[PDB]
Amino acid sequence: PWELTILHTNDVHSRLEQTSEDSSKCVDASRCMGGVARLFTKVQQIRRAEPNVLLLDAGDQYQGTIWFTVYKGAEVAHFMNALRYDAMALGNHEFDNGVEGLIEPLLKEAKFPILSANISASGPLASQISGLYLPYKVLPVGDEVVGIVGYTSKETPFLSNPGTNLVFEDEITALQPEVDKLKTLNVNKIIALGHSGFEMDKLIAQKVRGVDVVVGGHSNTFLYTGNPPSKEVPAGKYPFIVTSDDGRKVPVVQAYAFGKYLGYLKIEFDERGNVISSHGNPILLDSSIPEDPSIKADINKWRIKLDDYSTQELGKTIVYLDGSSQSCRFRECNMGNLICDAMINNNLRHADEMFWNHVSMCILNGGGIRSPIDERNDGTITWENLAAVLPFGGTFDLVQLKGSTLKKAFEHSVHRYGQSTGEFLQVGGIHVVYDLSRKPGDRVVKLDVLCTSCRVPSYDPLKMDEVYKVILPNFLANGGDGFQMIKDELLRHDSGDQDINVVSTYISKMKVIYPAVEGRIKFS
């Protein structure tokens, strides 16, 4: 039997530096985790020990920290090249800076193949990008070869900025003929590496005949066999075994997100490329693993430009940006309006003739707004100022919520009003009126929402059975601040852009801001 060790990362999301346990900024270095310097140490150790190793990334290195803001993917090519990745699949966030922001910095500078079998280009773009990503690559591993076939979420146009000259095909439709072709070329060991989420990964394992292993991402899925090593709660065993339509057992793996874990799967293959066994577990990259000194020194050199950028003017405000708790936990506050307006702007994506934009609505818990910004520094706003407002290292995500669920969220917003608690909601594209003389659970007396399926945006009453797209913090999508109804009833969730970055981009675009309090939230 021929044994392969697959090492894999996914959804690293710009966590170049080691992090806290929750993947936010490292404070107590002695307890920090992840980062590329520590990953280097562990990969190097494994490569000393195991003869046949592939290091794979299932996408979404782009977007998540000031590294991406400043270096725009150059840091991804540089540090993935230093780690000697063998292959990477395109994730949705690889399109955040458009096709141009993918071709240049990443496709042209990577020393490993970048893969996606279900993305096609037309017009002059097709000639410009031809060969810079591939449907698959056949890699030599010891005296054998292994085919790696990529895929990317069909939903990328709604979750990033790929433009109108790329088409994202159904994954299984695109993958099958490529896997069929590799069989005709005497490639009998095939890994599907891609970025569509755990549910689609299981469908690929089931339906794409000849796939031996699926290495996925996008959904930040943590899988584990045994007692888990940290705070993440497993969604299933590692690997997750799918029974394929051809009767084979097909392992499916993912490794959470944020570079906290290194996925590690050992596969035994017979002479015909059938999987005989698979076993492993992600490895928690905790402080017991030293940061590689050479990688750490290069990280510290690259950090200088981040420190310099952090104090640069992004734009100006001519108004006080009231992020005080005394405002934002009690009533509409202009910082809340700014952040929600930035959230909606960030989610302007290419539209049908069927909608002006696919999403129009935003909620933001006031407890998530952690500082005001004074306008009397010549109006200057810096990244450092925004990091004081939004210090948690979160994202502004896209969810689908029934109106009934959103009504329950607005009732929860004021269930115990008057205590300065964090659940009070700031809004965009929503007008709410409360009557606090009513019983908890029955205080929302008006709730109107901005249309999407309309050529002129206007407000309509919220409908209980209609499903609305809403931009909101990951903290709330995960049921933080008591919003259990959001976690338990949402129909879709996709992780979005870094919270600070969303607001910084909006302020940079606007140049001079003057958000008002305007009656999005009223009391009767």
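Heads up: residue numbers just count along the shown sequence, starting at 1.
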> Averaged over C-alpha atoms, is the B-factor higher for 19-27 or for 501-509 in this PDB entry?
Replying inline: 19-27
> Comparing 34-42 with 485-493, where is the mean C-alpha B-factor higher?
Replying inline: 485-493
> In the PDB entry, which of 340, 333, 454, 166 has its C-alpha at the highest B-factor?
Replying inline: 166
> Looking at 317, 324, 244, 346, which has the biggest Cα B factor in the entry?
Replying inline: 244
> residue 69: which third of its chain by C-alpha temperature factor?
Replying inline: middle
> Taking the C-alpha B-factors as the PDB entry records them, is residue 49 in the lowest, middle or highest third of its chain?
Replying inline: highest
>> When the deposited Cα B-factors of this chain's modelled residues are ordered and cut into thirds, is residue 465 in the lowest, the middle or the highest one?
In response: middle
>> Ranking every modelled residue in this chain by its Cα temperature factor as given in the entry, which third contains residue 236?
In response: highest
> Taking the entry's C-alpha B-factors for this chain, is residue 357 in the lowest, middle or highest third?
Replying inline: lowest
